Structures are given as structure tokens and as C-alpha cells.
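One structure below.
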Amino acid sequence: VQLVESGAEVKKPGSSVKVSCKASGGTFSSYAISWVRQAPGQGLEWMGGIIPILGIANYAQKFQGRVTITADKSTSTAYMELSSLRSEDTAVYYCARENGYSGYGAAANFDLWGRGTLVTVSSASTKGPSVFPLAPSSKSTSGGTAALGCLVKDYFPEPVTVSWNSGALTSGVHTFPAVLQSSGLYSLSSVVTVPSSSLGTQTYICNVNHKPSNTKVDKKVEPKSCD
Amino acid sequence: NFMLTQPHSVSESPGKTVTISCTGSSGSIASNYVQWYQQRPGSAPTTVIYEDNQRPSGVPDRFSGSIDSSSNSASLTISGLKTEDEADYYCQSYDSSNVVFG
Amino acid sequence: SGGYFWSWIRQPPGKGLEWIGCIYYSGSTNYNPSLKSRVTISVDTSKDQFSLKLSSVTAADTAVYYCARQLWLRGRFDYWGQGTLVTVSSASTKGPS
Amino acid sequence: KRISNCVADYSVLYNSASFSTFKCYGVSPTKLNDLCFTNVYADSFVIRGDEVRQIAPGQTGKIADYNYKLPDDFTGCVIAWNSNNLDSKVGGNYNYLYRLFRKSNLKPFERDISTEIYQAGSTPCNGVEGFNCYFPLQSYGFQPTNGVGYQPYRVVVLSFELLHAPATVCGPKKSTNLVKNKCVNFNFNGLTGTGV
Amino acid sequence: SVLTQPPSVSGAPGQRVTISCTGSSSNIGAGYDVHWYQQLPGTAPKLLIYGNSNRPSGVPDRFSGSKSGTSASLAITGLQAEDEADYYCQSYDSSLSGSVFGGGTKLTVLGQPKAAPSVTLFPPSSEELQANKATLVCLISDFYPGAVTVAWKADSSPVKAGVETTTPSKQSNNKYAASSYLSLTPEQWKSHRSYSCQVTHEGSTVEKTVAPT
């Protein structure tokens, strides 16, 4: 069948994160359900597996008693609750499944996998984003084309989409990726090249949308007067 | 509180086959090793079987032992009774750090 | 040498064998629950012997004491020493008439 | 567990004076160290007090036939003891599982981890808790306040490997008593000398 | 941990490529089976082969799995356009009382030719001077591949604080674009005469300077 998890989620270092694994169809009440985590920079490790029909928790000795897994058979949905988040928990979980067989080996295999819950925790949490427009100068523009855009600063968390004139400009647009800061903050930019003949007639405005922060602030750009 | 139960008096004519039982009360009879000792009157006891089926070097083959673990009873089978076989038979156990005889 | 045990086993006249206790060449000791807090057995390796001390002996303690070598702690007593006769009676040693 | 490129003694694993039960067939317990084999397999699991009886070569039941079958030519040792003060807790310890149903017999030294629902009749259930089918895996009933026949006992199996290969493990000469002040022959790494 | 894997292997599109997986004698030496998974960077891993004896549905027959005693091996025939992923070893561990994955082998060699980079330096605007911060950005665009080092200087000494470099993304015309920022303050921004960013690309160095006054 088709197992679907949630999307990205950002919590606090010392809070409780609650995610769910959803199963579409059936074959969820007859096989054990486990969780597999993949971390960029190291290998994969296995916390534990839960048998949902009878309800026995079977974790690993490398993980202490901090994360608990609960499963409900009324809606075929398993819930994961983890507390005391640390700095090395920036990874992605997966909803696996165990399909036993017969043989000399008898090794647990994960034939079915989920999508992935991007759970990242760090400092410099959600604040008010700041948008700074960029204007061309008389020395940086020598030909018939100019480079300009808007700068986004002090925003959390990822992702943030940038739209130009509510999607009316598509040619020559580009979105730059983010980057980690020493304080734990991201930054991205967008620059679009347009001919200089439309600078004095058609105005440009950047629309910054932030669905977790529920803010949508738009700022206009104006050419520099002295340069 | 584990005690081995043995038949106090067993008699049989020479040349026939007789079975001597040893029943455990609480612990199972296959839990620990059972040793049978044949002791002459006015003499030291001697080991005639060990590991519940193995005969020590020197005793005849007739001293055959079997384990009925379902009934918690240890059995010692004697075939071809003779004159010298008239002796006291005791079955041994270990329980848990406390050797218990029959 | 050899890593074997020692044990004392007594037998009353006309009765079955009774296990008293077992000792190692170290200080390891285990005693029968009915005979607990009364059996004191010690090993002196210099004289290559071991002795058993019994306290509060009654008239029911009349049994033939056997010193048997024990190869396996859960197993057979392969070698049995000859049994000394122990008699407990309440009188002074007196000559016959 | 597989033990290779190691060497050890079984005397320490016997003088603990804490094991409730001990069964080893195929070889005498007091003459197994000097005899040398190739590999030793350790099969450790938990079981109740009424099922240690069924773990023997040539017995039937519901555990010795559905979880681990003992062959006739079984030369291993079984060491079991009570540790109910750690693997059990108040309120019901159900962390240990066991299998109750199986389609047919299984080969010895084979592990089964199939979680498929056992079918008793001819009508499929599509993996539901319906009629004419039942789950083969069942939870235990361990409790720290149990008696002497239903506590969780730790049962291990130490089998031996016999093939055309060298002995990874062996029983080297032990540490003989250091007798002194007697005319005794010795061999300390360079010479076979006799003296006090 | 208990499983070690090579960091990367090399191969050719048309020859046999094999991998070796070495662990311990208690997880794979005991007799347990292996399960090989493919970790594509951007999608969920799926099952390739379990037990090294059966073929799951939807998996091609080019993948072969074998267990030569302790060590397990996987061999493929031919390099297609989807082998740009990671391979892992999965086996049950008795010591860990659970499943443990391996290290991971990356299957890539090259495929990134050279190009001519172009950089642009844009000074901060007027509204950014009242926020008690100065984000100096030097954009790099129209270059291939995306491996450019960024160095900053103030015409008197290199700046080793606040330097950053974002990863470059794919453009519409199969090129790369990146940006580099620098966190300063307006108090010392007007004191220095000029600022610039210095980058190198296979020996090609381009320098652009700006003057705040």
C-alpha cells in the first residue's frame, strides 16, 4: 500500500515533537511497524519497532527511555512522541514495515517505506522577517541590461517562496538556496535581469510569503538617485 | 523442598528385569543430573551410573537408566538379577546448591 | 590441584544417605537447609586434609560418616572413603561386668 | 553468537553455584575442556518454568516444535537459571514474545520470524481479526510475584561444530597448583627441570 | 559502528562494478541475511533484494547478491543513468539487539566540465544602514561547475570573520548560481575606503570593487 507521513517541522531544544504515520488502505494491523532515521553526515540507525496488533514496544539498547511510540488501530495511524531534543537530531524519520519469512537467516527487512518528516531543531527561532530591496547604480550598469532584486534577512523557518508581481514575471528569475549562520539563521536572495527601458515605466515589487509564520509583506523597489 | 521419592522395598527373582523409580516432587527430573549409588551392607557406596544414561567403567552393561521427564520420575532398569545385586540403591540430585538423595 | 570439590555425606543405620555439605579448596561452602548454622568445615592445604566440625549433636545424629571425593559439583561422588561409626550416648565410659 | 579466534575455559562458567538447572548431552561435563572443537554457537532466549522440560532431544510440545527444534544428534549444553529480579516488573511485563501456531514442522537450527496470520480453514481473512484465523505471536505472562513454574528463565544453548577444520577454541593446560618445597618436575618455557 | 563500508568506488559504463561489505562474526558471521537498499538523494529508499536469493517485484535482474561467508558482496553489470545514489548494508545485530546500517558508498566519478565565471558586487542600500547591520553580498552567476572559493578583503587585510558560501543550484540553462554574504556593522562600514570579493576558478581570478563614498 501507500504510507504517507507529514512534512517539515521545527521545534525547540527541550520541547516535545509529535509526528504521525498514516496508512492508506489496509495491511497495517498484521505486520510490525518500525522507524528508520537517516542523518546527512553519518549512517542510518534504528530506534525500535512496534507490533500494532498486540502492542509490545521493542526498542534498541543504544536508545534510552526518552522517545515513546503509540499506535491506534481504529484509524490505522501510529504516533511518535520525542522529548528533550538535542543539537544532533537534525535528520529525517521514515515509516518502515517488517515482513517476516522463513529461512536460516531470518533477518528483518523493510520492504515498505514512508516519505520523510524533516525535523530540525536549532536556535534563532521564528521572528519577523526583514526584506531589503536592491537598486542598480550608474557604474554597475554599462549595457542594455541591469541586475536588481530583493534581499531577505532575519527569517525563520525554511522554506520561503519569492514571487515577482504575483507570478507575472518568469523570464530570467532565479531563487538562491539558504545557508547556515554562526547564530543558526538562513539567508536567500533573488535577482532578475530586465532591460533598462522598462525601469522608468514598469515598477517591480517582491512578494515574500511565509506559511509557518503566517506573514506576507510586500515592499517596492526604487532606483537610486545619486547613483 | 525438593525430595526424591523411591520405592522402599523391591524384590525380584534372579534372571528377570526390574525397574527402580525415583520421582521428584517439586523440581523436574530432567532439570539436574541424577546419580544412582549401589551400596553393600557394611561398605561404602559406589557409583553405578552417571549422567542418567552413562555407565562408568567397571559396572556391567545391565545397569541401564532412563528418564521419564513427563512424570518427573527417574528410572533405573536392571536386567539379569544376580546374587551380588542385593544392595541398597539411592538416587541423587542437586536442586539448587543443595544435594538431595533418594 | 585439579579443581575438584570435597563433601561430607552421612548415613544412619538402616536409613538413606543424607548430604551434609560441600567444600572447595577455597572458602566456598554450602550446607543443607536442615543442617544449616551447625556445620563448620575447613580446609588446611598444608596437611593435605579437611575437617568437619558439628555443633549441638543429639542422639539422632548417630550416622556413619563418609568422606567422598566429588568430581562434578552437580554429579557423581566417584571415590568414597570408608565410613567411620559415630555413636552418641549419654553416660560415662565404664567397664563391663 | 559465534566464537572464533578466542580461547577460554568452562570451569568459570560452572563454579558460579547459581544455576538452577544444567543439561549437557553428547559429552561428559568434566571432560569437555581438553576435547577441542572448531566453533561454539550460543543461542540465548527466555522461556517459562513449565517449558524448560520440553527443551530436550526427542520431546514434543508447543515450544520445542514451533520455535526451536532439537535434533537427535544434539551434543550441546543447556545452561538455565533464574533472574526474575531484572527481566520482570510490576504491572505486567509483556516485552517478551513467543510463537504458538505454525503451518507445519520446521528444520532444526532454523529461525522463523514470519508475522503472517496463520490460517486454520479455507477462507482468507485479508489480515484482519475476523473469523477462522488467529495471530501466531502471543505475549508472555511474566510476573515478579510468580511461583517456581512460570517465572522467566534465561535458557542458553552452547553447541559445537565438528568439521574438517582447525580448532578456533581449545582447552589449554590449566594453572596447576604451584607446589613448593618438594622434588617436582616442571617445564617453565625453556627447560624440563626437576627440583625443589 | 560495527559495519564499515568504503567511502567511494570507481567504475566504467559497461564493465562489472562490485562492492565489499565486512562486519563482525555476530551479526553477519552467525548466519543472518543481508538487505541492500539504495539511498537516492531526494526520494525514499526502497527494497532492492532481501536474503540474496529472491527477486522482489519491480527490481531488474542486473543486481546480484551473494554472501561469501562472513563478507557479503553485491555486483552490477553496466552503469545506467540512475546509479547516482548510495548503497548500504542492513543486517540484524545480536550485540546491538536490532538492525544496524552500514557506512555508505557513493557511486560517481565526474561529469562537471569547466566554464567562464562572472561575478557581481552590489553595495548595501540606504535602508540597510539603519538596522545596525551590513549585509555585503557578492553574487556569482553563469559558471560551471559549482566549486568556487570565496575570499574577502578590505584592501589592507583579509576578512576571516562572517564569511559564508551557499551551495550552487542548477539553472534553467544547466548552469550554476551562488551568492556569498558578509555580516558587518554600519559603524565601521564607512571607515574603510573600499570593499571587494575575490574568487578563483581554475586559475581565473576576477575582482570587483565598490566605493561607499
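As shown in the C-alpha cells, the chain order sets the letters A, B, ...; within each chain, residues go from 1, and ligands are also counted from 1 in the order they appear.
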Considering only strand (DSSP E) as DSSP defines it on the backbone, what residues of region 67-178 of chain D qualify? List them as a list in words. residues 77, 78, 79, 80, 81, 82, 97, 98, 99, 111, 112, 118, 119, 133, 134, 137, 138, 139, 153, 154, 155, 156, 157, 158, 159 and 160 of chain D
Write out the residues from the selection above, keeping N, CA and C atoms, as a compact mmCIF listing (two decimals), in the first residue's frame.
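Output file again18.txt follows:
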# COMPACT_ATOMS: atom_id res chain seq x y z
N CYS D 77 25.27 -28.12 25.27
CA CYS D 77 24.90 -27.99 26.67
C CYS D 77 23.84 -26.91 26.82
N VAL D 78 22.92 -27.12 27.76
CA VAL D 78 21.88 -26.15 28.09
C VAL D 78 22.12 -25.67 29.51
N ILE D 79 22.32 -24.37 29.68
CA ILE D 79 22.52 -23.75 30.98
C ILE D 79 21.37 -22.79 31.21
N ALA D 80 20.62 -23.00 32.29
CA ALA D 80 19.48 -22.15 32.61
C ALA D 80 19.49 -21.79 34.08
N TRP D 81 18.98 -20.60 34.38
CA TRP D 81 18.98 -20.06 35.73
C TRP D 81 17.89 -19.01 35.85
N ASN D 82 17.57 -18.65 37.09
CA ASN D 82 16.51 -17.70 37.39
C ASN D 82 17.09 -16.31 37.63
N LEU D 97 8.07 -12.16 23.65
CA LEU D 97 7.11 -12.78 22.75
C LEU D 97 7.45 -14.25 22.54
N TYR D 98 6.46 -15.01 22.08
CA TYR D 98 6.67 -16.40 21.70
C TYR D 98 5.62 -16.80 20.68
N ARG D 99 5.93 -17.84 19.91
CA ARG D 99 5.08 -18.31 18.83
C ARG D 99 4.23 -19.48 19.31
N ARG D 111 15.54 -20.36 12.33
CA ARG D 111 14.78 -19.31 12.99
C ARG D 111 13.65 -18.83 12.09
N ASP D 112 12.47 -18.65 12.67
CA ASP D 112 11.30 -18.17 11.96
C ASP D 112 10.84 -16.85 12.57
N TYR D 118 -1.77 -16.98 10.80
CA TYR D 118 -1.96 -18.40 10.50
C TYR D 118 -3.40 -18.67 10.11
N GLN D 119 -3.58 -19.46 9.06
CA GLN D 119 -4.90 -19.80 8.54
C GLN D 119 -5.26 -21.22 8.97
N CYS D 133 -9.30 -17.47 11.74
CA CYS D 133 -7.88 -17.13 11.68
C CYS D 133 -7.47 -16.51 13.00
N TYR D 134 -6.19 -16.63 13.33
CA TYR D 134 -5.66 -16.08 14.57
C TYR D 134 -4.19 -15.76 14.40
N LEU D 137 1.67 -15.06 16.96
CA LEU D 137 2.51 -14.50 18.01
C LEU D 137 1.65 -14.09 19.20
N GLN D 138 2.06 -14.52 20.39
CA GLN D 138 1.34 -14.23 21.62
C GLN D 138 2.32 -13.73 22.67
N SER D 139 1.83 -12.83 23.53
CA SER D 139 2.66 -12.27 24.59
C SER D 139 2.75 -13.23 25.77
N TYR D 153 12.82 -17.72 32.86
CA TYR D 153 14.17 -18.28 32.98
C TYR D 153 14.97 -18.00 31.71
N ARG D 154 16.26 -17.71 31.91
CA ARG D 154 17.20 -17.48 30.81
C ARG D 154 17.78 -18.83 30.39
N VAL D 155 17.50 -19.26 29.16
CA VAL D 155 17.98 -20.54 28.66
C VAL D 155 18.95 -20.27 27.51
N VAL D 156 20.16 -20.81 27.61
CA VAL D 156 21.17 -20.68 26.57
C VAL D 156 21.57 -22.06 26.10
N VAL D 157 22.02 -22.13 24.84
CA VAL D 157 22.43 -23.38 24.20
C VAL D 157 23.83 -23.18 23.65
N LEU D 158 24.75 -24.07 24.01
CA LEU D 158 26.15 -23.99 23.58
C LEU D 158 26.47 -25.24 22.77
N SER D 159 26.23 -25.17 21.46
CA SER D 159 26.52 -26.28 20.56
C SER D 159 27.95 -26.19 20.04
N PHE D 160 28.42 -27.31 19.48
CA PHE D 160 29.78 -27.42 18.98
C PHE D 160 29.76 -27.76 17.49
Chain B near chain D within 6 Å: what's each residue's closest atom pair and its distance in Å to one decimal, counting only C-alpha atoms, ordered by chain then ascending residue number, as a Markdown table?
| residue | atom | partner | partner_atom | distance |
| --- | --- | --- | --- | --- |
| B:31 | CA | D:21 | CA | 5.0 |
| B:32 | CA | D:21 | CA | 5.5 |
| B:96 | CA | D:20 | CA | 5.2 |
Take the residues from that selection and put them in a file with N, CA, C and O atoms, as an mmCIF file, in the first residue's frame.
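Writing the result to out.cif gives the following:
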data_model
loop_
_atom_site.group_PDB
_atom_site.id
_atom_site.type_symbol
_atom_site.label_atom_id
_atom_site.label_comp_id
_atom_site.auth_asym_id
_atom_site.auth_seq_id
_atom_site.Cartn_x
_atom_site.Cartn_y
_atom_site.Cartn_z
ATOM 1 N N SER B 31 15.813 -31.638 35.156
ATOM 2 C CA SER B 31 16.461 -30.366 35.456
ATOM 3 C C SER B 31 17.931 -30.560 35.804
ATOM 4 O O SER B 31 18.801 -29.846 35.292
ATOM 5 N N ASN B 32 18.227 -31.524 36.672
ATOM 6 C CA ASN B 32 19.579 -31.753 37.149
ATOM 7 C C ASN B 32 19.953 -33.215 36.947
ATOM 8 O O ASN B 32 19.095 -34.080 36.755
ATOM 9 N N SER B 96 19.237 -26.848 43.896
ATOM 10 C CA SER B 96 19.909 -25.558 43.735
ATOM 11 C C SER B 96 20.867 -25.397 44.911
ATOM 12 O O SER B 96 20.463 -24.938 45.986
#
Expressed in Å to a single decimal, how great is the separation between CA of residue 223 (chain A) and CA of residue 179 (chain A)?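 Computed distance, CA of residue 223 (chain A) to CA of residue 179 (chain A), equals 28.5 Å.
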With distances taken over only C-alpha atoms, which of E:53, E:95, E:18, E:180 is nearest to residue 122 (chain E)?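 Nearest to residue 122 (chain E): E:180.
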Nearest to chain D among C:80, C:8, C:65, C:25, with distances taken over only C-alpha atoms: which residue is it?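 Closest to chain D, using only C-alpha atoms: C:25.
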Counting only C-alpha atoms, collect the residues of chain A whose closest atom lies at most 9 Å from chain E, and write them out as a ChimeraX atom specification. /A:42-48,59-62,94,103-116,132-136,140,153,174-182,187-189,224
Contacts of residue 1 (chain C) within 10 Å, only C-alpha atoms, excl. fewer than 3 positions in-chain, as a list in words: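 Listing them by chain and then by number gives residues 4 and 25 of chain C; 174, 175, 176, 177, 178 and 179 of chain D.
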Leaving out region 60-63 of chain C and any residue of its chain fewer than 6 positions from it, which residues lie within 6 Å of it when counting only C-alpha atoms, given as a ChimeraX atom specification? /C:10-12,86-88
Give as a PyMOL selection string every residue of chain B that touches chain C within 12 Å, counting only C-alpha atoms. chain B and resi 1-8+31-52+54-57+88-102
Selection to disk with C-alpha atoms, as a compact mmCIF listing (two decimals), in the first residue's frame:
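Writing done, so here's part_10.txt:
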# COMPACT_ATOMS: atom_id res chain seq x y z
CA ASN B 1 11.57 -28.55 49.49
CA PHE B 2 12.56 -30.92 46.69
CA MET B 3 12.71 -34.59 47.69
CA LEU B 4 13.29 -37.74 45.64
CA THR B 5 10.71 -40.49 46.13
CA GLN B 6 11.97 -44.08 45.89
CA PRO B 7 10.34 -47.48 46.43
CA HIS B 8 11.40 -48.67 49.88
CA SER B 31 16.46 -30.37 35.46
CA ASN B 32 19.58 -31.75 37.15
CA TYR B 33 21.77 -34.81 36.77
CA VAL B 34 20.69 -38.00 38.56
CA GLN B 35 23.26 -40.36 40.09
CA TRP B 36 22.45 -43.89 41.26
CA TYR B 37 24.54 -45.44 44.03
CA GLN B 38 24.63 -49.16 44.89
CA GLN B 39 25.86 -49.67 48.46
CA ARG B 40 26.66 -53.03 50.02
CA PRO B 41 25.79 -53.50 53.71
CA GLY B 42 28.79 -52.54 55.81
CA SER B 43 30.55 -50.96 52.83
CA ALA B 44 31.00 -47.61 51.13
CA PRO B 45 28.53 -46.67 48.37
CA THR B 46 29.74 -46.97 44.79
CA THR B 47 28.59 -45.07 41.71
CA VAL B 48 26.91 -47.41 39.22
CA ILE B 49 25.52 -44.81 36.77
CA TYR B 50 26.08 -41.15 35.91
CA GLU B 51 24.56 -38.56 33.54
CA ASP B 52 21.30 -40.60 33.79
CA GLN B 54 26.06 -43.42 31.03
CA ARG B 55 27.62 -46.44 32.77
CA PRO B 56 31.01 -45.90 34.45
CA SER B 57 33.90 -48.17 33.55
CA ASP B 88 20.79 -50.51 48.69
CA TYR B 89 20.02 -48.22 45.74
CA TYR B 90 19.92 -44.44 46.17
CA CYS B 91 19.21 -41.77 43.56
CA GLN B 92 20.91 -38.38 43.79
CA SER B 93 20.02 -34.84 42.71
CA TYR B 94 21.37 -31.32 43.16
CA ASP B 95 18.32 -28.99 43.20
CA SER B 96 19.91 -25.56 43.74
CA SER B 97 23.20 -25.71 45.70
CA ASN B 98 21.74 -28.42 47.97
CA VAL B 99 22.40 -32.06 47.09
CA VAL B 100 19.34 -34.23 47.77
CA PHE B 101 19.47 -38.03 47.89
CA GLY B 102 16.74 -40.62 47.41
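Of the residues in chain E, those given alpha helix (DSSP H) by DSSP on the backbone are residues 186, 187, 188 and 189 of chain E.
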